[PDB]
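All chains are named by letter (A, B, ...) in the order of the sequence lines, taking the proteins before the strands, and each is independently numbered beginning at 1. Whatever order the structure lists them in is the order used to number ligands and atoms, beginning at 1.
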Protein chains: 4
Amino acid sequence: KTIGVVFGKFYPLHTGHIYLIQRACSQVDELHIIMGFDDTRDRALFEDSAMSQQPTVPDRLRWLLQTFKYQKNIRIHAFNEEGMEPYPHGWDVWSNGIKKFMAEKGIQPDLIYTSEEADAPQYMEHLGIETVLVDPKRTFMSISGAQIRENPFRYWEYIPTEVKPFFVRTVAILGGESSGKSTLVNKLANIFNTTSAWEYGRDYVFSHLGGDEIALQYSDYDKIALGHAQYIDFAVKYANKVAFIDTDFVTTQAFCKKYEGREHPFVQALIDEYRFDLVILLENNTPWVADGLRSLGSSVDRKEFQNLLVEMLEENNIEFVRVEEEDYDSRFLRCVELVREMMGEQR
Amino acid sequence: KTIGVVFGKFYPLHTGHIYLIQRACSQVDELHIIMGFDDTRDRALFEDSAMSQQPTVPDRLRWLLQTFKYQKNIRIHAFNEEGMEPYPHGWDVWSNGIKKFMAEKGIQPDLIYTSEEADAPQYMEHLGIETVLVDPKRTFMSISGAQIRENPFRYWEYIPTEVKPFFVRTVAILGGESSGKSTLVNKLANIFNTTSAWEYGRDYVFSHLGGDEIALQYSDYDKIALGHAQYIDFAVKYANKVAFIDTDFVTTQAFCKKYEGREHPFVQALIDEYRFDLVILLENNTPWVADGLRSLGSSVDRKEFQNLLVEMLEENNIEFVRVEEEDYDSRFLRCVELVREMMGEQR
Amino acid sequence: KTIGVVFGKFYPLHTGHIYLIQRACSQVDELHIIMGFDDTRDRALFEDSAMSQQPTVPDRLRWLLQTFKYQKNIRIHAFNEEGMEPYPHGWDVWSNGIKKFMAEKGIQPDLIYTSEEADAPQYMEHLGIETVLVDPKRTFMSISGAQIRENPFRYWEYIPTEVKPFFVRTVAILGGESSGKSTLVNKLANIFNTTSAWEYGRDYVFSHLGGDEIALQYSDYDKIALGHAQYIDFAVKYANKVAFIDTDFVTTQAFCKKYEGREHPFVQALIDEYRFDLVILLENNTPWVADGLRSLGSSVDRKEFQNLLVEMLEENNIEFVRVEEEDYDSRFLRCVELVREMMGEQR
Amino acid sequence: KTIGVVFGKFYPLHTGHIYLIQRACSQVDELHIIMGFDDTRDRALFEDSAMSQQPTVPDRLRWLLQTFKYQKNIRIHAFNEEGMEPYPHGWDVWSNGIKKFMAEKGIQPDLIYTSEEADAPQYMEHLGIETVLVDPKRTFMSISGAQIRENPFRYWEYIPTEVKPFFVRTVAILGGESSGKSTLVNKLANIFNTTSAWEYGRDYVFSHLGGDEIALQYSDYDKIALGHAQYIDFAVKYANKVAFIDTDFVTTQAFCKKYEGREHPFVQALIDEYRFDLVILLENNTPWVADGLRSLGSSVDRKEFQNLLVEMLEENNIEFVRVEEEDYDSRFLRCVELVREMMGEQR
Ligand SMILES: NC(=O)c1ccc[n+]([C@@H]2O[C@H](COP(=O)([O-])OP(=O)(O)OC[C@H]3O[C@@H](n4cnc5c(N)ncnc54)[C@H](O)[C@@H]3O)[C@@H](O)[C@H]2O)c1
Ligand SMILES: NC(=O)c1ccc[n+]([C@@H]2O[C@H](COP(=O)([O-])OP(=O)(O)OC[C@H]3O[C@@H](n4cnc5c(N)ncnc54)[C@H](O)[C@@H]3O)[C@@H](O)[C@H]2O)c1
Ligand SMILES: NC(=O)c1ccc[n+]([C@@H]2O[C@H](COP(=O)([O-])OP(=O)(O)OC[C@H]3O[C@@H](n4cnc5c(N)ncnc54)[C@H](O)[C@@H]3O)[C@@H](O)[C@H]2O)c1
Ligand SMILES: NC(=O)c1ccc[n+]([C@@H]2O[C@H](COP(=O)([O-])OP(=O)(O)OC[C@H]3O[C@@H](n4cnc5c(N)ncnc54)[C@H](O)[C@@H]3O)[C@@H](O)[C@H]2O)c1
């Protein structure tokens, strides 16, 4: 009893929608969310926006599902509105489609919750369900979805953590052994006040092979890669407008192919799935420093792995940048301007 | 061996200082930070600022130590400058004191890193050490420490996560069991796009006593409270200008004293140590619903625990607010407006 | 609704009781366990047994509660039989007492589950409740509780992990800084194929103070102590008849008193609560090892801390042993010899 | 310098070898272990033994690497002795092969550590390196490797946690939706005093999709499987002679093929890699009980999934057992006799 229904494109979902839904859910015993999609309209919206990746219907479903995880009276549905006139001219076919969708899903709504004053009479006259206006003057939040899509980094405090991955500009740094990748990633995450992701390969090697790579085999090489992804998902979930990644899947695929002689289908699937906004490739220019934790001191093998990284980066058609400064300070500076140019703010 | 020294009040530490220190540390083999303090001056600065809690010398040492955890060439020292003329009249006694401080600490600095163009000649002529200017035009960051102290919620992206606990306005919600504390805390953390801390008591009970409180004893009551603190430290470390706390130490003292007959010194020390900016107290207005897990379903026991909570809140002289609305939506609105008044954002 | 009741002192609980309870609970909607205790009888049983620590009524309640944590239809109660007639007269007063106890606890049992052939007719005669015999020939398990109490290390596979802490012979190793405690504890845990507990203080310092001890304060010194306990609870929960502990609460109390001038009530409460079967004290025979973390390089301070450890060990009247061999191999041999003697079983 | 070398096939490694190696490592600055292998001899040894799975050279390397993880002065190598007459007549070419291996690996041994009285003069004559006898009377451990291979469950306390996975008899239980297999796995782990592994799919669904499977996609179906393996590795690492597994990879393959319409190469690779000693198939005897979390309440879908499970089990040539008894107590009993027959220890 007392069923509440919220309609919305939710593209993207922001804290105004959250405030609306959580003001509505405290007033009803069960709240149903129905989000409609159209492939061409959503594709155009993504094209004209500043999102890093294009969401799919399951991805936006995941947004809404992760937002209300600890609220047990909220259900989520996705609806298809192909072959319909756009708003506000397709007010007849859309209503019939939504009525059929509710009939299929068994929903018997009693109240419709909305924050548009002109849309309420239209809802009442078509869907025949009484509507309740929540925050009609937009006192809690005044920012609109278009302003968020155009400039997300100025309204960063209104974007939930589940919606953040499609707005975070992820930076992947690649480099040879003992090239200073980890310290550079840490410094970049520090000055930018954001998160970072470490190379899961070293963690896996120590926590499963006692710290030696002699016992590494083909079947292991697909855990590492997948484990690496579990770090990336973390760094992008809590980033401050930018996240930094210590190593790509190109490097793990390269290690797998060079040691075991054959590729791995799931690492290639991850390569295809995971696309990075900016990729930075360091060089082997820095002289070798003896440490004691790695006996692979030969620079010929380093150059061979670097060249194989270049060719495998070209194989998947992945764009990257090269930094050639021997000194660490200049390389840090150049990475700073690269990130700042990626941000899109000029001098 | 190419020693670099940075001087600073660092009160509070912000991303401009971080950028300075990490531009300096990549250029030297070892960077020493010397932080001078004066009790009365720092007390006045805290009084005139908007910080939630007053930092101590160990607390700011902890700031600087947690910032550069993964940078292994940075050392931190604290120095006392009592009985010295303020800047810039005290350019002679301070220099002698700081020189004696390096003498006692064994530092032999070679370079001093600073971002003040006017201060460089005094450094050169007093300490006899060449100075290096880093970002003299403040291109990377232009915000000053005073602007952060006066209005920290507008420059929130420049405050590190180690310095954040002394700026986050922590809200503690108190209420009886099965009164809706958890859902309210979750909703407040959702609409405000911030973190929250759950009641560690339930977690401890399930993970150590099989989910029943019959096996609870006096010596257990000091684990729970301390464990509760480990949640609070998390919520304030990642908050979006405000953190929400599900239960205070007053409640665990209440349970301990009512079930065991005696208090516990450590949880009282925690009460003294942990001070909250806003405390909200709910009522027993909501009717009891049979759950099969609590035998104290009578409203008499609930009222007794509520009155004991009130008297123990008065015993420690802790101010709080009372919300009496039976409906959930009105209570949520009252909590929202209380938090908004606490924010202080004027119109 | 189809209520089953199981009686027993469960002192200690073993896998025969577990098998009986699982077989009973697979056949009833809810199973109630009622365990009776008598102070003098239980004290005598503990005295004549080989348990390391004496359980209390809450401790045995915790055993039974942690055993059936994921079985949601099992309840647990404790009953008092003081002022009781001597055996075998204890079949009439005990029946009245249990009937009354079930009266205030509201239980209305329908079946009594037992594994005694002769006790069943007396149960039927006194309690008036039909009894069901489970495994009357003891096919699944034949070992009795007395054999477990006398020799627990020969029937180690029948003792649950919740009951194990009162049978594990915990060994605590104490020694000066950089004396080799960690490697010795690891070797002892390796050759004995068991668990160990690391010093939580180092972990806390690195994970909360950036790895330096300057930011350590009085209020911190309690967390460390409690954290240390959380390691001990782990090591004893999975030990192979013996668990090894890297540091006692005497050392953390010593550090707190030396660096603060006052003790801590909760560390003293932990000292009183936590009693170790064997305590081993090492010497300062090995030369100090430079690491870069300690400014107290003088051996005078090391000897002062060692003497303070001795005096604080004597203050609470805690017995210990001294190992004085300079070489590591002989010290390992002496530790093995001491542990083997403390086992008490020669072959 | 003081280099020490230990020889042995370590097939399997037991606590006598650990005691030898850790008595030798305290006496030398660096210890080297060299495992010689022969494919046919090792295959015959595995055939005549009672191991559940056949180790490979990397697997035994992993044993030795994980055992001495926290001992930093131990290195591990593998050596090939193809075309060698067995001991003790192949004492001539074997010495030359080991000398060449020393030359390749750069080892310059100073002492050889062994526990054989007759081999010491032979070692001195051939390898020309002084030998040290450790525990020649086998006082600490007297059990031999052959006794462990023939009967591992009577010397279970001598098998390290790294070697245990190749001796644990893993049991995998398969059942329909809401068939109660988790409680059965828990009961079996309880009465056998061992570990178990839960279905990682439910955990992944709640922790990544808000608790609903609507947002499940093809690329997700490969994390779940991998995550499931991470549970299995745990359960077998701490098992008491037997580990219980809640779900196989056949079920996740079934779900992936049924919903997404296509298989996944990595889950098939896991199927090939992970072979279980006993597989138990639970059918749909128990009637479906409505809960509100699954809308496929019809038994037709359950029957279809069971039939697809059967055909995919037959496709991979995996043997299994069907338990059709309705009673939960009877099914628990039947699983008990199945596990006991697998144990092979009769009356
Ligand atoms: N011709 C058509 O195709 C048909 C025509 C009639 C219906 N519309 C449908 O109506 C649906 C509604 O789309 P939408 O534009 O409203 O999506 P939306 O995400 O922009 O809005 C979702 C809801 O949240 C409310 N809201 C937004 N910001 C708020 C804030 N700051 N505070 C409080 N509330 C706020 C909105 O008033 C709205 O009710 C569309 O999916 C669309 O399919 C389309
Ligand atoms: N008491 C006296 O008379 C004596 C006189 C001479 C020395 N001073 C001492 O010198 C110390 C210096 O303190 P402070 O006032 O510089 O504290 P501060 O935190 O404001 O400065 C810290 C350092 O960081 C630099 N910095 C600040 N913002 C920056 C930004 N956005 N980008 C780059 N760099 C930035 C500053 O130039 C400064 O060098 C004082 O603590 C004080 O003890 C005092
Ligand atoms: N003076 C008297 O009249 C008499 C004296 C002895 C018993 N006590 C009463 O009896 C109670 C204690 O009962 P208890 O002695 O049976 O406790 P118990 O722990 O020895 O046994 C508990 C239950 O587990 C069963 N069991 C034990 N081992 C088993 C195995 N290997 N397999 C299957 N089942 C197994 C036992 O048959 C028993 O039913 C006391 O609380 C007290 O109330 C009174
Ligand atoms: N090709 C062949 O068949 C044959 C030919 C030459 C000799 N072996 C070679 O020599 C080595 C074989 O050594 P192994 O058979 O002794 O392997 P092993 O696993 O049986 O023992 C390895 C070492 O551990 C010692 N040890 C075993 N149990 C002990 C205990 N309880 N306490 C203390 N020490 C204990 C042994 O004395 C031995 O030194 C291999 O490298 C192998 O290649 C092979």
Side-chain angles (χ1 to χ4, degrees), chain A residues 6-11 13-17 19-21 35-38 79 81 84-91 93-95 98 113-116 119 122 126 134-135 138 140-145, chain B residues 6-11 13-17 19-20 35-38 79 81 84-91 93-95 98 113-116 119 122 126 134-135 138 140-145, chain D residues 6-11 13-17 19-20 34-38 41 79 81 84-91 94 98 113-116 119 134-135 138 140-145:
Chain A
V6 168
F7 296 111
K9 184 188 68 175
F10 301 125
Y11 182 76
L13 172 86
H14 56 68
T15 52
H17 299 135
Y19 171 80
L20 174 70
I21 284 147
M35 74 180 311
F37 65 89
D38 173 273
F79 158 80
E81 48 169 307
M84 293 180 183
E85 299 285 338
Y87 185 79
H89 298 81
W91 260 109
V93 178
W94 180 95
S95 85
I98 280 289
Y113 285 86
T114 186
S115 161
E116 312 291 331
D119 286 358
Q122 273 267 24
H126 297 182
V134 164
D135 216 21
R138 309 299 186 75
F140 190 75
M141 183 177 176
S142 304
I143 321 291
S144 77
Chain B
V6 171
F7 297 110
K9 182 200 52 177
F10 300 126
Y11 182 76
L13 173 84
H14 56 67
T15 52
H17 299 135
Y19 170 79
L20 181 64
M35 182 177 179
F37 67 90
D38 173 273
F79 156 82
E81 48 168 306
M84 293 180 183
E85 293 286 335
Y87 178 84
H89 317 112
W91 265 109
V93 177
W94 178 95
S95 86
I98 281 288
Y113 286 86
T114 186
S115 161
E116 313 292 330
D119 286 358
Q122 291 82 18
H126 287 182
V134 164
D135 202 22
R138 310 298 187 75
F140 190 75
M141 183 177 176
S142 304
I143 320 291
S144 77
Chain D
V6 166
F7 292 113
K9 63 166 175 60
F10 303 117
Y11 182 76
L13 172 86
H14 56 68
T15 52
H17 299 135
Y19 171 80
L20 181 63
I34 294 166
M35 206 168 68
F37 68 91
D38 171 271
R41 179 253 280 164
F79 153 84
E81 46 167 312
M84 294 299 291
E85 208 50 23
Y87 171 94
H89 303 87
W91 268 104
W94 184 95
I98 298 298
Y113 285 86
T114 186
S115 163
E116 312 293 330
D119 291 331
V134 165
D135 216 22
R138 311 295 189 76
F140 189 74
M141 183 177 176
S142 53
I143 317 290
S144 78

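- Counting heavy atoms from C-beta on, the side chains of B/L20 and B/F140 never come closer than 4.5 Å.
- For ligand 1 and A/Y87, the ligand atoms under 4.0 Å from any heavy atom of the residue are 1 (N), 2 (C), 5 (C), 6 (C).
- For atom 31 (N) of ligand 4, the nearest protein heavy atom (residue, atom name, distance) is D/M141 O, 3.4 Å.
- Between the choices D/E81, D/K9, D/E116, the shortest heavy-atom distance to atom 42 (C) of ligand 4 belongs to D/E81.
- Summary of contacts: the protein heavy atom closest to atom 32 (N) of ligand 2 is B/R138 CD, 3.6 Å.
- Ligand 2 does not have B/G145 within reach: every non-hydrogen atom of the residue lies 4.0 Å or more from it.
- Counting heavy atoms under 4.0 Å from ligand 2, residue B/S95 does not touch it at all.
- The proximity of A/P88 to ligand 1, defined as any non-hydrogen pair under 4.0 Å, does not occur for either the backbone or the side chain.
- The distance from ligand 1 to the heavy atoms of A/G90 drops below 4.0 Å at these ligand atoms: 1 (N), 2 (C), 4 (C), 5 (C).
- Considering every non-hydrogen atom in both D/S115 and D/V134, the closest pair reads CB-O, 3.4 Å.
- The shell of residues lying under 4.0 angstrom from ligand 4, judged by heavy atoms, includes D/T114.
- Among all non-hydrogen protein atoms, the one lying nearest atom 10 (O) of ligand 2 is B/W94 CZ2, 3.9 Å.
- Remark: ligand 2 atoms within the under-4.0 Å shell around heavy atoms of B/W91 are 6 (C).
- Looking at A/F10, A/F7, A/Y113, A/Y11 one by one, the single match for ring-ring contact (aromatic ring centres under 6.0 Å, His included) with A/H17 turns out to be A/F10.
- Side-chain atoms of A/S142 come within 3.5 Å of backbone atoms of A/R138 as a donor-acceptor pair (strictly under, hydrogens ignored).
- Contact annotation for atom 15 (O) of ligand 4: protein absent (non-hydrogen atoms, distance under 4.0 Å).
- Ranking protein heavy atoms by distance to atom 23 (C) of ligand 1, first place goes to A/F7 O, 3.6 Å.
- Taking all atoms of both residues into account, the shortest heavy-atom contact from B/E81 to B/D38 is O-OD2, 4.0 Å.
- Atom 34 (N) of ligand 4 has D/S115 CB, 3.2 Å as its closest protein atom, hydrogens excluded (heavy atom only).
- For D/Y19, the closest heavy-atom approach to ligand 4 does not fall below 4.0 Å.
- The proximity of A/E85 to ligand 1, defined as any non-hydrogen pair under 4.0 Å, is limited to the backbone.
- Considering backbone and side-chain atoms alike, D/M84 places every N or O at 3.5 Å or more from each N or O of ligand 4.
- In plain terms, the two heavy atoms of B/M141 and B/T15 that are nearest each other are SD-OG1, 3.1 Å.
- Ligand 4 lies nowhere less than 4.0 angstrom from a heavy atom belonging to D/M35.
- Atom 1 (N) of ligand 1 lies below 4.0 Å from at least one non-hydrogen atom of the protein.
- With ligand atoms numbered from 1 in the order given, ligand 2 contributes 19 (O), 22 (C) to contacts under 4.0 Å with heavy atoms of B/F10.
- Distances from atom 40 (C) of ligand 2 to the protein include no heavy-atom value under 4.0 Å.
- Backbone and side-chain nitrogen or oxygen atoms of D/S142 are examined, and none is located within less than 3.5 angstrom of a nitrogen or oxygen of ligand 4.
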Evaluation steps, side-chain contact (heavy atoms from CB on, under 4.5 Å), between A/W91 and A/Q122: CA-CA 8 Å; A/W91 260 109; A/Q122 273 267 24; 3.5 Å; yes
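- Annotation for B/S95 and B/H126: closest pair CB-CB, 4.2 Å, computed over non-hydrogen atoms.
- Residue D/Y11 places no N or O, backbone or side chain, under 3.5 Å from any N or O of ligand 4.
- Taking the six-membered ring for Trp and thresholds of 30 and 60 degrees, B/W94 and B/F79 have ring planes more than 60 degrees apart, a perpendicular arrangement.
- Geometrically, ligand 2 and B/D135 share no nitrogen or oxygen pair separated by less than 3.5 Å.
- Using a 4.0 Å cut-off between heavy atoms, A/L20 contacts ligand 1 through its side chain alone, with no backbone atom that close.
- The protein heavy atom nearest to atom 13 (O) of ligand 4 is D/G8 CA, 3.7 Å.
- In terms of protein heavy-atom proximity, atom 24 (O) of ligand 4 is nearest to D/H17 CD2, 3.1 Å.
- Using a 4.0 Å heavy-atom cutoff, A/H14 is listed among the residues neighbouring ligand 1.
- For atom 19 (O) of ligand 2, the protein comes within 4.0 Å by at least one heavy atom.
- With ligand atoms numbered from 1 in the order given, ligand 1 contributes 1 (N) to contacts under 4.0 Å with heavy atoms of A/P86.
- For atom 4 (C) of ligand 1, a protein heavy-atom neighbour is found at a distance under 4.0 Å.
- Under a 4.0 Å N-O distance rule, the pair D/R41/D/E85 does not qualify as a salt bridge.
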